[PDB]
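Protein chains in written order, with the UniProt record's numbering: chain A, 331 to 360; chain B, 364 to 506, 521 to 622. For every residue, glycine included, the Cβ atom is placed at its ideal position computed from N, Cα and C. Here the structure is laid out as structure tokens; the discussion comes afterwards.
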Ligand SMILES: *[C@@H]1O[C@H](CO[C@@H]2O[C@H](CO)[C@@H](O)[C@H](O)[C@H]2NC(C)=O)[C@@H](O)[C@H](O)[C@H]1NC(C)=O
């Protein structure tokens, strides 16, 4: 039903591309 | 959303728009959690004081959209609802405790570059990521195309001191400190939409929250308040387990 592949975006993670602001989220973990 | 930025195409492919059929009206945000299941806020579907008590045939959803008014041919999909499920302990009479609902689609939606489900949090992700200062992302329409804002989670005592509402363990709050003056906010109008976080453990996106109410933006309050999805996961699983396909 799609749960196994949840949360991985075809135009981003699947393509090894990052969106313009996801780095901000990663930085907030520092 | 206020002081956000334009979402890139396919940036938030779990985004769902909930509509009243007639008169045709956008009611709330929502999120796609599997090919048949959509998550939203209960107050979007049931609020008797405002004569809100929708049946399945009153509503539809549109999925894969990035434009608020313009038809997106061969991209956006429409789904009818088979059934609506509201948390049995949803508290509309005080504080919107357990502000959560599921909608089962009549037919599975096909996944594409623009349509893809978000993950429900597991114990590790809830424990590790739902911490003050960590940022999540809310998507919705501006107060036009889909807007995005990244917002830090607020310390629990700070959240409680910022509202007269009783904040329960089924809620969290997020947003920037007012006096700090960093911009971007989620609003009441974003109700039902997802607050998501990208896990640094497996690089997947998890829905940690649902916009339940906003006290800022077009009001003088500080923060947005979110249904804590993990806290209510036992209910979500009971519904999907019995009625999924
Ligand atoms: C609101 O309406 C309900 C009946 O409405 C149905 O209830 C189910 C179960 O909660 C819900 O999934 C559907 O949206 C509804 N429509 C159907 C099945 O066609 C009344 O029984 C209540 O008295 C009303 N008020 C409240 C507060 O629930």
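task: Identify the contact partners of residue 346(A) in chain D, using a Cβ-Cβ distance below 9 Å as the criterion.
output: Here the protein chains are A and B, and chain D is not one of them.
Count the other CB atoms within 10 Å of the CB of residue 349(A); is the residue buried (16 or more) or exposed (fewer)? Residue 349(A) sits at position 19 when you count from the first residue of the first chain. Answer is buried; the Cβ neighbour count reaches 16.
For this session: Can you say whether residue 524(B) is buried or exposed, counting buried as having 16 or more other CB atoms within 10 angstroms of its CB?
Result: Position 147 of the second chain holds residue 524(B). Burial state of residue 524(B) is buried, judged by a 10 Å Cβ sphere holding 16 or more other Cβ atoms.
Checklist line | residue 516(B), buried or exposed, once every other Cβ within 10 Å from all chains shown has been counted against 16 | finding: Missing from the coordinates is residue 516(B); the shown part of chain B jumps over it, going from 506 to 521.
Short Cβ contact (8 Å threshold) for residue 514(B) with residue 463(B): A break in chain B separates 506 from 521, and the residue in question, residue 514(B), sits inside that break with no coordinates.
| query | Can you tell which of 449(B), 543(B) and 620(B) has its C-alpha closest to the C-alpha of residue 602(B)? | reply | Here residue 602(B) corresponds to residue number 225 of the second chain, with the count starting at 1. Answer by Cα proximity: 543(B).
Between residue 513(B) and ligand 1, is there a pair consisting of the residue's CB and a ligand heavy atom that are separated by less than 7 Å?
Within chain B, the sequence of modelled residues goes 506 then 521, so residue 513(B) has no position in this structure.
Grab me the residues of residue 545(B)'s own chain with a C-beta within less than 6 Å of its C-beta, minus the 5 sequence neighbours each way, in chain order. What you label residue 545(B) is simply residue 168 of the second chain in a count that begins at 1. The residues are 460.
* Check the C-beta distance from residue 422(B) over to residue 469(B) and give it rounded, since I have them as a contact under 8 Å. => The sequence position of residue 422(B) within the second chain is 59, counting from 1. The sequence position of residue 469(B) within the second chain is 106, counting from 1. About 11 Å; that fails the 8 Å criterion.
**Asked** When the cut-off is 8 Å and only beta carbons count, does residue 406(B) lie next to chain A?
**Response** The sequence position of residue 406(B) within the second chain is 43, counting from 1. It does not: the Cβ of residue 406(B) has no partner Cβ on chain A nearer than 8 Å.
| query | Helix, strand or coil for residue 432(B) per DSSP? | reply | Within the second chain, residue 432(B) is the residue found at index 69, counting from 1. The answer is coil: DSSP assigns residue 432(B) none of H, G, I, E or B.
Practice task
Please classify residue 614(B): is it buried, with 16 or more other beta-carbons within 10 angstroms of its beta-carbon, or exposed?
Solution key: Here the question's residue 614(B) lines up with position 237 in the second chain. It is exposed - the Cβ of residue 614(B) has fewer than 16 other Cβ atoms within 10 Å.
Classify residue 487(B) as helix, strand or coil using the three-state DSSP reduction. Position 124 of the second chain, counted from the start, is the residue given in the question as residue 487(B). Here residue 487(B) sits in helix by DSSP.
Return yes when the Cβ of residue 395(B) is within less than 8 Å of the Cβ of residue 401(B), no when it is not. Position 38 of the second chain, counted from the first residue, corresponds to residue 401(B). Position 32 of the second chain, counted from the first residue, corresponds to residue 395(B). Against a cut-off of 8 Å, the Cβ pair of residue 395(B) and residue 401(B) comes out as a contact.
Given this structure, state the Cα-to-Cα distance separating residue 592(B) from residue 378(B), to the nearest angstrom. On the second chain, position 215 is the one that residue 592(B) refers to. On the second chain, position 15 is the one that residue 378(B) refers to. C-alpha of residue 592(B) to C-alpha of residue 378(B): approximately 23 Å in a straight line.
In the DSSP assignment, what are the bridge partners of residue 378(B)? Counting from 1 along the second chain, the entry for residue 378(B) is found at position 15. Answer is 394(B), bridged to residue 378(B).
Open item on the list: Taking the straight line between their C-alpha atoms, what separation do you get for residue 425(B) and residue 611(B)?
Closed with: For the purposes of this step, residue 425(B) is taken as the residue at position 62 of the second chain. For the purposes of this step, residue 611(B) is taken as the residue at position 234 of the second chain. Approximately 27 Å, taken between the alpha carbons.
Beta carbon of residue 417(B): closer than 7 Å to some heavy atom of ligand 1? Indexing the second chain from 1 puts residue 417(B) at position 54. Correct: residue 417(B) has its Cβ closer than 7 Å to ligand 1.
**Item:** Distance between residue 490(B) and residue 553(B) (C-alpha atoms, nearest Å)
**Value:** Working through the second chain from its first residue, we reach residue 553(B) at position 176. Working through the second chain from its first residue, we reach residue 490(B) at position 127. About 22 Å.
Bridge-paired residues (DSSP) for residue 620(B)
By 1-based counting over the second chain, the position of residue 620(B) is 243. DSSP, once it has assigned bridges, lists no residue as partnering residue 620(B).
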